[PDB]
Structure formats: C-alpha cells, structure tokens
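Commentary on secondary and tertiary structure
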Number of protein chains: 2
Amino acid sequence: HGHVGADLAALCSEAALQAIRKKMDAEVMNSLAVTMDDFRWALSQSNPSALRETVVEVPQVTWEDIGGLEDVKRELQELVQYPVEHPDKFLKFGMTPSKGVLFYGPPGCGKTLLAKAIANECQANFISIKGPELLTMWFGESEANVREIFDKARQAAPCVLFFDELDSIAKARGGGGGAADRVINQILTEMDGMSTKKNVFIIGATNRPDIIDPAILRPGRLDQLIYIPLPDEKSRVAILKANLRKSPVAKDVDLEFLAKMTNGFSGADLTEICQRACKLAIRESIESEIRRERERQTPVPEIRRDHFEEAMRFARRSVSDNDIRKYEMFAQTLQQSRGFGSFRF
Amino acid sequence: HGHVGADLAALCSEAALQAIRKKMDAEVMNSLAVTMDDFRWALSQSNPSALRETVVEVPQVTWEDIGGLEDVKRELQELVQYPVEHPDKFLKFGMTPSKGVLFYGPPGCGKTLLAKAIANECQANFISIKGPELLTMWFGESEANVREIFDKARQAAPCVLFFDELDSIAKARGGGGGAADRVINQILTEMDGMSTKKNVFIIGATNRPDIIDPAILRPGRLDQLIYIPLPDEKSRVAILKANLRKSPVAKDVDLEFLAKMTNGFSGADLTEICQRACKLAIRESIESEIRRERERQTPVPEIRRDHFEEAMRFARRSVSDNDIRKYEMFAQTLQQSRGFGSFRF
C-alpha cells in the first residue's frame, strides 16, 4: 500500500537480494529461489513514498460486507447509480441529480464501508477525506488544499468523495464562534462550484450531526441526510461474517447466534469481538508451539467457539443508549411529515 | 348546572313568580302561562349552591365528537372497558388491570373529551380534577383533600378520575426543588393504595409531560402514557362537526374542506374558528335586526359560508411547530424498541 512502480521495483530488488543473502555460498546462482519469506521481509523493510498521496480506486466491499441497511441501500442506489447509470431519465424529467448526501449516526456502525459499497456498484473512484485531513487543513490555515481535493475528484470522475468525519472541526472548537469553519466554508464553495454534471457525489459523514455547519444541509449542498443506525440482525451477521473472512473460523461456531445476542453493538465493537477472538487464537496457538518446542521437540487450526466465548466476555457496547437517542432525536428533527400523510387529491 | 333539588324548586318558584309578575292584572289566575322566557329569566337570576361540589356523571361525548384517534381509542378501550366489561379474562390470564394512564400532548387537542368518551363507553362516573383544584390544594397546604377525591372515586366506582393538567404544580414552581410536589405525592399515595379492583382508573393528562414527577410514571402508577397528537383530518372534521352541532350551519359550507385546510390546528383553535363564525353570525343577524327596526318597522337564518371565510381569516394555529416537536421527542423518549423488532423465536 502506497507503492508506486519504482517502489515495487525496489520491493522486488530487495526481495531478490534477500534471496541472494540467504543463499550465501555459478549454477547455484541460477537456482535461486525467491520465496514468499523474502517478499515478506522486503515488505517489512520497504520504505514507501506514495503515502500521503490519496489514492483514487474502486473499493472492494460489494454490499455484502455491509449487510442489511436495505432502505439506506435503496437511497444510495437512487442517489449514486441512477444519476450515472441511467442519466437519460434524469434529463427526461428535468431532475437535477443531487450534489451530495450526508450520513450520520453512531460511530463505527458501517458508514465508511457504506460509501465504499455504493462506490463499488457505481464503479466510481472512491476518495476518502478522513477527519485528520480536514483538521490539518483547519490548523495550518491551509484551507485552499481542499480545492486540490475537489479538483482531483473532478479529474477522477465519477467519484464518491467521502468527507469522513465532517464534524471533526466542530468537535475541535466545541463552544467566539458558532458556525462556518475555515475549510468547511471552502468545502461549501467548491461544492456549489461544480455543476450537477461530472457525476461527483459528496457523501461526507458525521458522527455528530447537530454541531455541523447548518449551511451544509441547505438544498444544493449535502441536503439529503441518511441515518445509519446500529446494525440490524442481518447487518451484524454480515458484519461478523466479513470481519471473520480470511480468518480460519470453525464450523461449530454459530455466527447468527452471536449476531442475535448483540443488540446495541456497533460495527467497530463487532470487529473488536473478532479481533479479540483472533488475538486469543494467536495466544493459544503460540502457547501451543511454545510448550511443544520446549518439551516435545526436546495446534488450534481454527478459531474454536470456546474462543468466541471468553473473547466475547470482554464485549463492550461502545455506543451508549443516550448517543443513539440523540441521533434519533436529530433523525425526527428531520422528520416533519405531521399530517400531510394521506394527502390524496 | 350545579342545581340540587332545592335549587330546582327555587328555579320553578321564581319562574312561576315571574309569570305572576308578568301577568299583573280569579279566572285569570288559572290561565297563567309559565313560558320559556320565565324559565330563562329564572335561570339568569338563580343563585345555585351546588357548585364547588364536584359532580360525578356519565358524560355525553360518544366518541364521535372526538373523531379519529383510532389507536388511542383502542388503547383506551383495552385499558378501561376490558377490565370492567370483560373482567373474567383478566383473572384468567392473571393480568392485573392497570391502575392509571397518562395522556400528554399539545394543549387543547381533545384530551378532556377523550377521557369523557371512554367514560361514556365504560358507563363510568367521570370525575374531572381540573388544574386549579390541584393548585388550590398546593397553595392552601391542604394536601389531604385529595384523599377525599379518591374516596369519592371509590364510592362512585367505576370511575375515570381525569386529573386534568397534572403538571399545573410543576409549571407553578418552574425551576430548591426538583420533583415530588406536595399533593402530587398524596396522589401517588392514594393511587398506590387502592387495589386493581374497584375499577377506578386515573387518566390524568399533562400538557407538559417532562416536568411532571417521574415517580408518577413508575409501573403500578400512571405507567401507560398515550400521546394525544394534533387532530388528523378525520379527527378535525369530527371536531368541526361537533363544535357546530346545535348551531344552525349552512348546507353549502364544506366542513371537510375546512378540516383539510387546517393542518397544525389544535382542537381549541378549531373551536375558536366556529366561535368566531357563530359570533360573526350574531353580529350580522343583530345588525340586520337593527337596521330593520329603525327603518323598515318605522335575517341570517344560518351561518353562511361567507362567515366561515372572514372568520377563518382570524385563524391562529395556537400550538407551535416547536411545542409538538418536543412532545414527539418525549414520545420517542418512550419508544426504545431499537432492534428487538423481529424477535422471532
């Protein structure tokens, strides 16, 4: 990751030289074996340069890592895919495609992997602007490097410009102020700049949806807001299956049972359940090797479900019942139907 | 109103003597004509004594004056009628009938006429304890006259003890305090005292549901809370029809059109629409009599729909969009389903 072609040449170079300095003696030269251990050493000792240069890439989440969220899935399809994959209908009905949408909800409930998924269906380059980048632009007073971000979105079109943690700045000046940050204002300017063409969609997501600039939520700007709740039972069984993918997990482990036990568990907590089960399998397997080598020389092939019990004993429902309460209060702050239901004639 | 049998005898006496002092001359004595004008004069000059003695009476609202509120109607039936009209099933399933329920919502949206209606189906004596009575008990430090109210409910069983404006005291000490009022505590004592038998149901209703004592909302006490929203289109067409009942209203007036125009209008505002239409019909009819008698001697049979236009010009949606917002926030403070939906097995 963060490896340009010259970095890859350096990687192959140092791996081949690790093979050379592993052989360590002319026919033996031709019999060199560049084995995966050499490439792993080269990776552990490779200094890449292409970090801090944000990568545009169609991500790999495929909407099955993020299960559930079916109405949110329909809104995201209608907001991203329909403008770009069926653009004739939009110009037929005269609807301008929406410039942006704004996720909100509990932290780490599958918001980043919910814009990657729709960027994957859209086959659009995904540009994630994390919260530290916005903060860095707010502190160096370099509020004009978000012109570069939007320009990079323009060249890398179609896009999903995931302004992750859009309320980082508002948290960073909690309190003389009141609205309209340094670089939030530049995001507003360069968001009002581009037309509804060029298929660049800003999906900036906020943990705290009330402290944000209310000028962001104006129409034309990120006017659609989409509540991303805590995972439903389908959503968190898909989350548990996705976090445990590529990891050798047992057959007698019942992942739907785990997803059925865990009600208020955010997606990040469901990762930390698996990352404390994998870690505990590491501990047991390493201890197995240790007491084998010291005694038997002189295996835990899979994460057994007894690891998903003593690992799940340290289960912290990280988001409170009063955080999601306030997110619901903001949610039907945005719900003001109020009697215009059954509008018939 | 407020007339005991001795007061009715005094009423007939003064009406008959008004007939006597209207005749004002023995055969003419037998030809006295006690006409309705004499009874109306007697009523206008009758001093009744039975006021300030609260009346227990099966009220006349019949659930059609309060239209709509269908789920609220089902909850009130299940809470009042089913304990008293089908009590075998409750002792079969071991369910104790709930001691009380607590309405809340926007002021004057049909909360008083929503406990009268269910007291009418239940055919239960309806005891309305208005907010000034609770305030009077809180100021005189006579917090032991609510023992008498509950005792009167016990004798007048089955009851609907509508503790109207239960949060009068909490408004009267808005702010050193914090909870547990003088006579709210006695309401709690005599509410916990009576058993689930005797069929006495407390339906105390609050405009402000958050300032009330949180010990009221404990189970056993007024644990069920029922949101009484602003009238729906069926509800406010029934309200407009009920307020205009006994008043001569035209045929070309379209009351469903009125109820369809008025979205945020509380029930009290829909009364003041009709009580400014009736008042303007009074003005036009009286002015008709005035310019007839001064000129033609020397009719507005009905409230025409041109009165319901210039009367509707002075239409004040009295409850704001921020009051009902807070009532909805309290309502989904009482909604924490949150993932236990689709609890299957």
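The structure we're discussing is the one just above.
What comes next is a walk through the structure. (Residues numbered from 1 in each chain as written, not as in the entry; some residues may be left out. Chains lettered and ligands numbered in written order. Part of a larger assembly, values for the part shown. Heavy atoms only, no water.)

So, a nonpolar patch on the surface
Note the following rule: Like charges are joined within 9 Å and nonpolar side chains (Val, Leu, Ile, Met, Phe, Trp, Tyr) within 5 Å, but only among residues with over 30% relative accessible area and no salt bridge; these make up the patches. Throughout, the Shrake-Rupley method with a 1.4 Å probe supplies accessible areas, and for residues the shown protein chains are the sole cover considered. Salt bridge, as used here: a side-chain nitrogen of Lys or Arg that lies within 4 Å of a carboxyl oxygen of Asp or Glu. Throughout this description, buried means an accessible area under 20% of the type-specific maximum (1.4 Å probe, protein chains only), exposed means over 50%, and partly exposed covers the range between.
A surface patch of nonpolar side chains, about 300 Å² in accessible area, is lined by A:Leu17, A:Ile20, A:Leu32 and A:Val34. Residue classification places A:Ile20 among the partly exposed positions, given a relative accessible area of 39%.

Re the side chain of A:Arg236
All names here are of chain A. Using the following cut-off: To qualify as a helix, a DSSP run of H or I must reach at least 4 residues; to qualify as a strand, a run of E must reach at least 2; elements of each kind are numbered from the N terminus. N or O atoms closer than or at 3.5 Å make up a polar contact, with two conditions inside protein: a donor-capable atom paired with an acceptor-capable one, and, for residues adjacent in sequence, both atoms drawn from side chains. Here, residues are in contact when the closest pair of their heavy atoms is within 4.5 Å.
Within the secondary structure, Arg-236 sits in helix 11 (residues 233-243). At a separation of 2.5 Å, a polar atom in the side chain of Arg-236 contacts the main-chain carbonyl oxygen of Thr-262. For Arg-236, the residues in contact, after removing those within four places along its chain, are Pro-231, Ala-259, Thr-262, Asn-263 and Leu-270.

A short note on unusual backbone geometry
Along the chain, A:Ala157 connects to A:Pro158 via a cis peptide bond; the corresponding omega equals 0°. Following the sequence through the fold, A:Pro158 ends up in the loop between helix 8 (146-155) and strand 3 (159-162). Phi at A:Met24 is positive, roughly 55°, even though this residue is not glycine. Of note, A:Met24 is situated in the loop between helix 1 (5-23) and helix 2 (27-30). Even without being a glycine, B:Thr62 presents a positive backbone phi close to 60°. Note on placement: B:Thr62 falls in the loop between helix 3 (36-44) and helix 4 (70-85). Look at B:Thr62 and you get partly exposed, because its relative accessible area is 48%.

A word on the pairing of strand 3 (residues 159-162) of chain B
Residues and elements named next belong to chain B. In plain terms, the rule: Strand pairing is defined by DSSP finding a minimum of two bridges between the two strands.
Of the two faces of strand 3, the one lined by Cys-159 and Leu-161 and the one lined by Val-160 and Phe-162 are each fully buried. Where strand 2 (residues 125-128) meets strand 3, four bridges bridge the pair, whose relative direction is parallel. Across the sheet, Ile-127 pairs through a bridge with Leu-161, a residue of strand 3. Taken together, the three bridges between strand 3 and strand 4 (residues 200-202) define a ladder with parallel strand orientation. When the bridges of strand 4 are listed, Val-160 appears paired with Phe-201.

With respect to the relation of the copies chain B and chain A
Definition in use: Remark: copies superposed by least squares on C-alpha atoms.
For the pair chain B and chain A, the relating rotation is 180°, the translation along its axis is 0.0 Å, and the fit reaches an RMSD of 0.0 Å. Taken together, the rotation and translation relating the two chain copies correspond to the operation of a two-fold axis. The rotation axis passes nearest to the C-alpha of B:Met329 in chain B, at a distance of 3.2 Å.

Observations concerning the packing of helix 1 (residues 5-23) of chain B against helix 3 of chain B
Residue and element names in this part refer to chain B. What counts is decided by this rule: Axes here mean lines fitted to C-alpha atoms, for a helix over just the part in contact, with angles spanning 0 to 180 degrees between N-to-C directions. Should an angle lie under 35 degrees it is considered roughly parallel, over 145 roughly antiparallel, and from 65 to 115 roughly perpendicular; all remaining angles are considered oblique. Rotating anticlockwise by less than a right angle from the far helix to the near helix defines a left-handed crossing, while the corresponding clockwise rotation defines a right-handed one. Residue polarity follows a fixed list, in which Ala, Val, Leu, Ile, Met, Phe, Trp, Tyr, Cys and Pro are nonpolar, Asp, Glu, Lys and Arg are charged, and the others, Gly among them, are polar.
Viewed as axis vectors pointing N to C, helix 1 and helix 3 meet at an angle of 125°, and their least axial separation amounts to 8 Å. Here helix 1 lies oblique to helix 3, going by the angle between them. Where helix 1 crosses over helix 3, the two elements pack in a sense that is right-handed. Contact residues: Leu-11, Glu-14, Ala-15, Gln-18, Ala-19 and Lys-22 in helix 1; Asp-37, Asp-38, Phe-39, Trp-41, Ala-42 and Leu-43 in helix 3. Along the lines of polarity and charge, the residues of the contact of helix 1 with helix 3 split into seven nonpolar, one polar and four charged.

A closer look at the interface of chain B and chain A
Here is the rule: Here the quantity called buried area is the total loss of accessible area, with a 1.4 Å probe, experienced by two parts when brought into contact, counted for both.
Each partner contributes to the interface: chain B provides twelve residues, whereas chain A provides twelve residues. With both sides pooled, the region where chain B packs onto chain A buries about 1,400 Å², and carbon together with sulfur makes up 31% of that total. Counting the surface chain B buries against chain A, the share from its top three residues, B:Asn263, B:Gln332 and B:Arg338, is 41%. Run the count over chain B and chain A and you get two salt bridges. Across the pair B:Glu328 and A:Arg338 runs a salt bridge whose closest N-O atoms are separated by 2.7 Å.

A closer look at the packing of helix 15 (residues 323-331) of chain A against helix 15 (residues 323-333) of chain B
At a minimum axis separation of 10 Å, helix 15 of chain A and helix 15 of chain B run at an interaxial angle of 140°. As the angle between them shows, helix 15 of chain A and helix 15 of chain B are arranged oblique. As for the relative orientation of helix 15 of chain A and helix 15 of chain B, their crossing is right-handed in sense. Residues A:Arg325, A:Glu328 and A:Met329 of helix 15 of chain A touch helix 15 of chain B, and the partners they reach there are B:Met329, B:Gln332 and B:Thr333. Here the residues of the contact of helix 15 of chain A with helix 15 of chain B sort into two nonpolar, two polar and two charged.

Quick word on the side chain of B:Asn120
All names here are of chain B. Looking at where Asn-120 falls in the secondary structure, it is placed in helix 6 (residues 112-121). The buried category is assigned to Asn-120, whose relative accessible area is 9%. Not counting residues up to four positions away in its chain, the partners in contact with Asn-120 are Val-58, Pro-59, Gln-60, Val-61 and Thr-62.

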